[PDB]
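> Got an experimental structure here, sequence first:
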Amino acid sequence: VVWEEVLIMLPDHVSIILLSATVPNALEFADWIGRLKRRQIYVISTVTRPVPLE
Amino acid sequence: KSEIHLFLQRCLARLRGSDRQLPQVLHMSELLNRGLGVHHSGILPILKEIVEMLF
Amino acid sequence: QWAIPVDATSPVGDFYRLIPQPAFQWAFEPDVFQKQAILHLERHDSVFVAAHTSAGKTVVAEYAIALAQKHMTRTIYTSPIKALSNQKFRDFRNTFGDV
Amino acid sequence: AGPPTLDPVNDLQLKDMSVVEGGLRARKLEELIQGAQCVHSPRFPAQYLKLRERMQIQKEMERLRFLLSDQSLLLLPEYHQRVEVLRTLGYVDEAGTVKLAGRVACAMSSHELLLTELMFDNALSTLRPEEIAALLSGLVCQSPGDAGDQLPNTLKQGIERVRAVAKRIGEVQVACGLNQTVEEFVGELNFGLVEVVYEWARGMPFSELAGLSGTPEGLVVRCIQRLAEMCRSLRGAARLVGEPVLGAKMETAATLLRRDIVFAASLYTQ
Amino acid sequence: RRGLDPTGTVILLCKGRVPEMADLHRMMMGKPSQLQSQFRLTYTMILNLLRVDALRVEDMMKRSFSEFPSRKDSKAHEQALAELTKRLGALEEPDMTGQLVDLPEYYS
Amino acid sequence: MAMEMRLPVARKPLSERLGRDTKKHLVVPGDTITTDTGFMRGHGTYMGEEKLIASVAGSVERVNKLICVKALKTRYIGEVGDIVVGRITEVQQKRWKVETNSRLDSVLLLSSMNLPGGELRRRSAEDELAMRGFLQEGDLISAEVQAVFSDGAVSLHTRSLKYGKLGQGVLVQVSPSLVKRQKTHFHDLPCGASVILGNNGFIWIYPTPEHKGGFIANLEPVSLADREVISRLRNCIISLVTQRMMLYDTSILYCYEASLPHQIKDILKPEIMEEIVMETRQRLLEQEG
């Protein structure tokens, strides 16, 4: 609840840059953020993590 | 071990003598001498950041 | 729509042809996604990142941090754990400025 | 007209009150329909269809208004039940107006309910600073609780004059629409770090403090810096009320708590 | 690190009994949990929003993420409401007089 | 024009016109209030030798351990999250000084102000030169108290959209004890004007802002039909405030409607106020009761 209260109460003059770690349903979380604020967001994701580990 | 004893010498010796010799700090710096370290939120913060400094 | 997933290869065709003036240089080479985010961040855009390596995502974070002192503004870094909260402070203390 | 249908009540032995009542209602409705008038007239089906269509239209618009309505919220009944508990206690009076007792709780940090009633109900404000600095530790000590029988005779009394307030807020908590038990409300309060913080505030060296106390000395300093914030916040309440008898012993506790090991923090502070 | 090691290893150490592999595969090989919401109410939120008056607790309730799967299509909801209300006026009143007096009761 | 010059009339005491008996507890300084085992002193009282002694005239009000005396004439005392109205009396290097009928002056910090531009561009020392230019001496603002200092001083902030420098209108100052506590001190009365009920006793009356911070001047003539409404509300507010009346939305609305039959110029007489206040009193009696 801590993150949500800040995100709703946070004003519209700040450009947030969220940095998660491969969250599956990130294509609508930023949709909700981009709809709560009159602002446009972009989503970037990658594959093939380096330094492979077993 | 000389590097450990000099970094710890400039780290720990910045406070009063009564606080300088306590069971937690001697019992952790002793195991640090051998190259070990225990890290959890139940230890002093000044002793907390010493371990990650050495790591 | 408010949500645009940029393709992993489509947007980037060049990186140094645009942004004629320099930026926060890195000793190593920047990856495609770091330059992809840097291109958008210059336009004061909102960026979401989903990757695996930890410090790889921090490149755009310190890009924004270095960009603030050229704008005289302030930035807030949130770390929901005590060990990581001070490591970034230590990393950026000797690196530059005041944190 | 239909083969003999099995009785929902007697044949299958479904002795449910709703089933029997619905069956009796169904038979009564069939009997009343047999004496209907509109079936006979010239255009019963067409106007019946028109009425049906109008009823579906009516149902759809009212369903859409309910969808775009405030009553659709999930926890709104819980919010009302959390407001009535804040109104039975004299904090809010009527429809969004806050009393004086409801403004003291706003300017606090934690446990507003249990701490403001302690502020009003005089059970701590007539004690010395080095003692009241110990009872307030039971809120934020965050440790298992086992007291000591060697403590002063007033402490074995000083602990239940706040547990009575716990057994005074729990009753209004449970019977207001909330689903939080009265007993588990009192389970939050524990007094593990009650004696150690006493000699700690009294001015006893830490070397034997750690030795005698049965807990690692990593959470003691954090409990201390949690206690000092609420003691720093009670001054604003004593000033708001205008009762410097407690606002003086809180200042004495605040100056009696600040040591130098607490502020050590990190290496490259300055 | 970003290439600053040859490889890396994550050893699992079981010391008491076999680890019931059917959940090992459930944890190791499996997509992360969906980003749910745990919005909840406390006395602190209400007390803080009561003294100052610029928002409301209902506004924070509706603008949260737990209500997103319902209010994501609100504008279409009142648009459909308006269209359906407009369609009400196009229906002539069904006859309720004569021997069709029992028509609404018959419908019920 | 006749220049009426009347003669003083003796006042009728005891408020015999209606007749009521108080059930409260009244004290005067020096009186010994209840002296039971354990009690806490409030504002208006002090302690001597095992005695709670009242120190100001008023009525005792207790909420379950607390003996205090509420005086009937005081100055404004600041509280967190309180709507106030004030005037700039000093412009300093890094602050303003605002007078709000308090025991001291109130400080409006430069750090808390919606500067011209109304967005995120920059904040540095270049603004400090022109800060003393727009919020000059003798201007009106409407802000909200931020925090309480250590000597009874109040710091007030303007971090919203409804707060900031005010424009045209009239100001009426009354005692800060006739305003009823509520949750909406901003009003848009359906008469042709608006009002701000400052908790410090400052009442600001201005016309409705047509459609839809001091950025707009709007120093153009105001229509005739708006002044008569402002003058009517000014006189009605004076009338209710004079005898006893506590000010809020319904009392002013009730009195405004009752003032239509006769002219705005002729309501200054001792009796026309009485015949209007009593009518509003009975309308409140037949509505609430």
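Thanks, I have it. Residues are numbered from 1 along each chain as shown, chains lettered A, B, ... in the order given.
> how distant is the biggest strand by length in chain C from the center of its chain?
Looking across chain C with DSSP state E, the single longest strand is strand C:46-50. Centroid displacement of strand C:46-50 relative to its chain, using CA atoms, centre = their mean, to the nearest Å, is 10 Å.
> Any buried residues in it, and which?
Neighbour counts over strand C:46-50 (16 or more other CB atoms under 10 Å in any protein chain shown) mark C:46, C:47, C:48, C:49, C:50 as buried. The C-beta positions use only the backbone N, C-alpha and C, and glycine is treated the same way.
> do it and chain E meet?
No: Strand C:46-50 does not reach chain E (CB under 8 Å from any CB of the partner chain); its nearest approach is 10.7 Å.
> Contacts for the next helix or strand after that strand, please.
The element immediately downstream of strand C:46-50 (helix or strand, assigned by DSSP states H and E) is helix C:54-69. With contact meaning CB atoms under 8 Å, 6 or more residues apart in numbering or on different chains, helix C:54-69 is reached by A:17, A:19, A:21, C:23-24, C:26, C:30-31, C:34, C:37-38, C:41, C:47, C:49, C:51, C:74-75, C:77, C:88, C:92, C:96-97, E:1-2.
> Please report the number of neighbouring residues for the residue in chain B positioned nearest to chain F.
Proximity of chain B to chain F (CB to the nearest CB) peaks at residue B:45, 29.9 Å away. Look at residue B:45: counted by other CB atoms under 10 Å in any protein chain shown, it has 16 neighbours.
> residues in contact with it?
By CB under 8 Å, 6+ apart, the residues touching residue B:45 are D:221, D:265, D:266.
> Which helix or strand contains the residue of the stretch 101-250 of chain F found nearest chain A?
Nearest residue of the stretch 101-250 of chain F to chain A, counting by CB to the nearest CB: residue F:120, 4.5 Å away. Using DSSP H and E, residue F:120 falls within no helix or strand.
> if I look at it, how far off is residue F:144?
Going from residue F:120 to residue F:144 by CB to CB, to the nearest Å gives 22 Å.
> So between those two, which is more surrounded?
Higher neighbour count among residue F:120 and residue F:144: residue F:144, with 21 against 14, using other CB under 10 Å.
> After the helix or strand encompassing that one, which helix or strand is next?
Assigned by DSSP H and E, residue F:144 falls within strand F:140-148. The helix or strand immediately downstream of strand F:140-148 is strand F:154-157, counting by DSSP H and E.
> Chain D contacts on chain F?
Residues of chain F lying near chain D (CB under 8 Å from any CB): F:38-43, F:63-66, F:68, F:79-80, F:148, F:181-183.
> The same query, at a cut-off of 6 Å, please.
F:38, F:40, F:41, F:42, F:43, F:63, F:64, F:65, F:183 (CB under 6 Å from any CB of the partner chain).
> and the gap between the residue most central in space within chain C and chain F?
Among the residues of chain C, residue C:60 comes closest to the average C-alpha position under CA atoms, centre = their mean, at 0.9 Å. Distance of residue C:60 to chain F, computed by CB to the nearest CB, to the nearest Å: 20 Å.
> Can you tell me the SS state at residue A:43?
strand (DSSP: H, G, I helix; E, B strand; the rest coil).
> so it bridges to which residues?
residue C:5, residue C:48 (DSSP bridges).
> In the stretch 101-250 of chain F, what residue comes closest to chain B?
Taking CB to the nearest CB, the stretch 101-250 of chain F has residue F:147 as its residue nearest chain B, at 29.9 Å.
> Generate JSON lines for the residues of chain F next to chain D, with distance to residue E:23 as supplementary columns.
Below are those laid out as JSON lines (distance: CB to CB, whole Å):
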{"residue": "F:38", "distance to residue E:23": "61"}
{"residue": "F:40", "distance to residue E:23": "60"}
{"residue": "F:41", "distance to residue E:23": "65"}
{"residue": "F:42", "distance to residue E:23": "63"}
{"residue": "F:43", "distance to residue E:23": "64"}
{"residue": "F:63", "distance to residue E:23": "57"}
{"residue": "F:64", "distance to residue E:23": "56"}
{"residue": "F:65", "distance to residue E:23": "58"}
{"residue": "F:183", "distance to residue E:23": "54"}
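> Specify which member of these is nearest to chain A.
Nearest to chain A among these, with distances taken as CB to the nearest CB, is residue F:183, at 19.7 Å.
> wait, isn't that closest one in contact with residue D:96?
Yes: using CB atoms under 6 Å as the test, residue F:183 is close enough to residue D:96 to be in contact (4.5 Å).
> residue boundaries of the strands in chain C?
Applying DSSP E to chain C gives strands spanning C:3-5, C:46-50.
> Please work out which residues outside the longest one touch it.
Just to be clear, that refers to strand C:46-50. The contact list for strand C:46-50, computed with CB atoms under 6 Å, 6 or more residues apart in numbering or on different chains, reads A:15-20, A:22, A:26, A:30, A:39, A:41-45, C:37, C:40-41, C:57.
> Please apply the same query to stretch D:202-212.
So stretch D:202-212 is contacted by D:130, D:217 (CB under 6 Å, 6+ apart).
> likewise stretch F:271-289?
So stretch F:271-289 is contacted by F:239, F:243, F:254, F:255, F:258 (CB under 6 Å, 6+ apart).
> Just the buried residues out of those residues, in PyMOL syntax.
Selection command for PyMOL covering only the buried members of the contacts of stretch F:271-289, criterion 16+ other CB under 10 Å:
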select buried, chain F and resi 239+254+255+258
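> For residue B:33, give its distance to residue F:231.
Plainly put, residue B:33 is 88 Å away from residue F:231 if you go by CB to CB.
> Which of these two has more residues huddled nearby?
residue F:231 (16 against 12).
> Let me know the secondary structure of the residue lying closest to the more buried one once chain neighbours are set aside.
Sequence neighbours aside, residue F:264 is the residue nearest to residue F:231 in space, at 5.3 Å (criterion: CB to CB, 6 or more residues apart in numbering or on different chains). Following three-state DSSP, residue F:264 is assigned to coil.
> I figured residue F:264 was touching residue F:233, is that so?
No: counting by CB under 6 Å, residue F:264 does not reach residue F:233; the two are 10.1 Å apart.
> show me where chain A has strands.
Under the criterion DSSP E, strands of chain A are mapped to A:17-20, A:41-45.
> Taking helix C:54-69 as reference, get the angle to the last one.
What that stands for is strand A:41-45. Angle, strand A:41-45 to helix C:54-69, by axes from the mean of the first three to the mean of the last three CA atoms, to 10 degrees: 150 degrees.
> For strand A:41-45, give me every contacting residue.
By CB under 6 Å, 6+ apart, strand A:41-45 touches A:30, A:34, C:4-6, C:33, C:36-37, C:40, C:46-50.
> Going by distance to residue D:67, which of the residues you listed wins?
Nearest to residue D:67 among the contacts of strand A:41-45, counting by CB to CB, is residue A:34 at 23.4 Å.
> ok, how many other residues are close to that closest one?
21.
> cool, the one 4 residues further on as well?
A count of neighbours around residue A:38, defined by other CB under 10 Å, yields 8.
> again, but for residue D:147
Neighbour count of residue D:147, defined by other CB under 10 Å: 14.
> Am I right that it is in a helix?
No: counting by three-state DSSP, residue D:147 falls outside a helix, being coil.
> Could you find the closest non-adjacent residue to it?
residue D:191 (5.8 Å).
> what about the one you found, how many residues close to it?
By the other CB under 10 Å criterion, the neighbourhood of residue D:191 contains 22 residues.
> Can you point out the helix or strand that includes it?
Here residue D:191 sits in a region with no helix or strand, counting by DSSP H and E.
> Report how many residues lie close to residue E:30.
There are 8 residues near residue E:30, going by other CB under 10 Å.
> and the nearest residue to residue A:35 once chain neighbours are set aside, what does it touch?
For residue A:35, ignoring the flanking residues on the chain, the nearest one in space by CB to CB, 6+ apart is residue C:2 at 5.2 Å. Residue C:2 makes contacts with A:31, A:34, A:35, A:40, as judged by CB under 6 Å, 6+ apart.
> Give me the phi and psi angles of residue C:2.
Backbone dihedrals for residue C:2, given as degrees, to the nearest 10, come out at phi 70, psi 0.
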